[PDB]
Amino acid sequence: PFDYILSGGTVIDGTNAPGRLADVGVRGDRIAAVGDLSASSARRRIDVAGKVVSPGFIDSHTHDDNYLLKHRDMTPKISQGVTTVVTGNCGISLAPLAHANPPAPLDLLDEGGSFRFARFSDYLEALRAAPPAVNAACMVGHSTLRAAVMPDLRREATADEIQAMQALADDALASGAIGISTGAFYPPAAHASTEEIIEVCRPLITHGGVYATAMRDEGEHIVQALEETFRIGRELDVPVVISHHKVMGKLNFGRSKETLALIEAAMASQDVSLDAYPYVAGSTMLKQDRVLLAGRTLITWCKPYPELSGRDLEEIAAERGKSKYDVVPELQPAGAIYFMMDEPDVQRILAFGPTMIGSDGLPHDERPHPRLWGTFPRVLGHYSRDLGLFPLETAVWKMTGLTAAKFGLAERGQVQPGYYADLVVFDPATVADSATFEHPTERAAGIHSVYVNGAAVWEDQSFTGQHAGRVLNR
Ligand SMILES: [Zn+2]
């Protein structure tokens with residue numbers, strides 16, 4: 001007999017096909033059957049009439065590396081219907097690195113002495129021993145590797161350092177990492193040459209992992225950054241994932257037509273993917289950058305001056321008698337939200353066929369960007385239902401079937417017999433992001449229940465206590 005059957009609802013199976021009325025039966029950690037299951041014995045027959053049963057959402061871009069360890073409930077994500085998270089993005093991974101004061105933006109994962117894993121396997125072992133509520137597909141970050149190997153990061157790596165980083169990268173992949181990510185836009189890796197990146201990532205071809213990247217530049221020189229990324233992809237002959245695609249700065253508004261055309265062209269000749277979050281503001285370390293600081297900027301957290309959390313940087317700068325750009329150094333290390341994107345571009349990028357959904361949430365932030373709590377329902381409700389940017393089955397596909405395929409997460413991302421029972425039950429009519437910039441931690445509406453490996457992790461708007469997540473391998 002099945003452990004339970006979610007009956008009477010509409011199944012959107014994650015294959016980008018219109019929903020159909022069907023029941024979903026689960027046995028253990030697997031979807032046992034799909035369709036009219038009235039004739040199948042089940043210990044429980046849960047009524048989900050009026051609801052949609054879809055695969056659990058896979059967050060293609062997270063910085064939950066440490067959050068998975070410190071807050072196993074993973075409420076910010078499971079409350080949105082997320083059942084799997086891809087960690088170690090933008091070249092930022094928790095391991096391998098034993099450092100009491102890791103350089104920004106690595107500190108976005110730190111809660112105080114959090115970087116205690118000398119080896120990547122130690123990190124994965126820790127997750128398996130005390131599993132989080134969601135599954136985890138982990139990547140190792142190039143910037144973390146540089147921090148672990150290089151005495152001085154403000155220069156290109158030497159042959160010996162590249163060899164040391166490549167060794168760590170290979171060990172990580174051998175231990176279960178699903179890929180390597182880079183973030184050359186940031187200080188720790190701004191001096192890394194394209195050749196350094198290629199050599200450090202050589203193990204990807206042997207282990208069959210992916211190359212993910214926060215491109216070196218997403219503004220005036222985004223074309224050159226895109227070309228570098230495509231080049232690395234060809235040199236490695238592995239799939240590449242362009243993280244949080246956008247065109248930033250008023251002088252680049254509307255250029256998404258241009259970038260998407262370049263990406264579409266590259267996809268015809270090589271393996272290219274991309275993801276994005278549904279907002280016009282970004283968030284990361286507070287950095288001295290003319291473009292990032294051109295528009296409205298909010299502080300998410302500040303080490304030297306904790307009271308600044310939540311404040312407008314323009315006000316802070318003005319009151320200190322300096323420009324936003326000049327006041328940044330004295331406020332570091334800190335985090336911020338940057339309003340430097342335009343809605344039309346965000347919509348164009350989200351609607352672009354291949355674009356996967358990634359929250360890019362920064363879970364440790366005192367006053368976080370709302371994407372941390374409302375990304376997925378915002379795509380399902382606001383964009384799909386309310387604006388009609390795409391049909392619901394396509395919106396679901398963009399956060400389930402597509403993502404599972406691109407990251408190689410076998411037997412997940414689809415409501416199919418035999419696949420793992422990562423599922424979400426939501427009300428298509430009411431699903432919506434409740435988090436706003438003003439109140440960034442409000443729980444989304446319309447999320448009835450969430451299941452991971454068959455176990456309900458979210459029910460009655462609360463974590464059930466089921467630490468059902470597993471460390472996944474590609
Ligand atoms: Zn990121």
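Each ligand, and each atom within it, is numbered from 1 in the order the structure gives. One is the number of the first residue; the rest follow in order along the sequence.
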**Report entry** For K77, all residues meeting side chain to side chain donor-acceptor pair (under 3.5 Å), sequence neighbours excluded
**Finding:** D59, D64, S359
Query raised in the report: Ring centres of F437 and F339 under 6.0 Å apart?
Result: yes
Query raised in the report: For the Zn ion (ligand 1), which N, O or S atom of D360 is at the shortest distance?
Result: OD1
Query - Heavy-atom side-chain proximity of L106 to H99 below 4.5 angstrom - result: no
Requested in this report: State whether the side chain of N252 and the backbone N or O of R255 hold a donor-acceptor pair below 3.5 Å, judged by distance alone.
Outcome: no
Query raised in the report: Is it true that some N/O/S atom of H61, main chain or side chain, lies under 2.8 Å from the Zn ion (ligand 1)?
Result: yes
**Report entry** Apex the Zn ion (ligand 1) - arms SG from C90 and NE2 from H63 - angle rounded to 10°
**Finding:** 110°
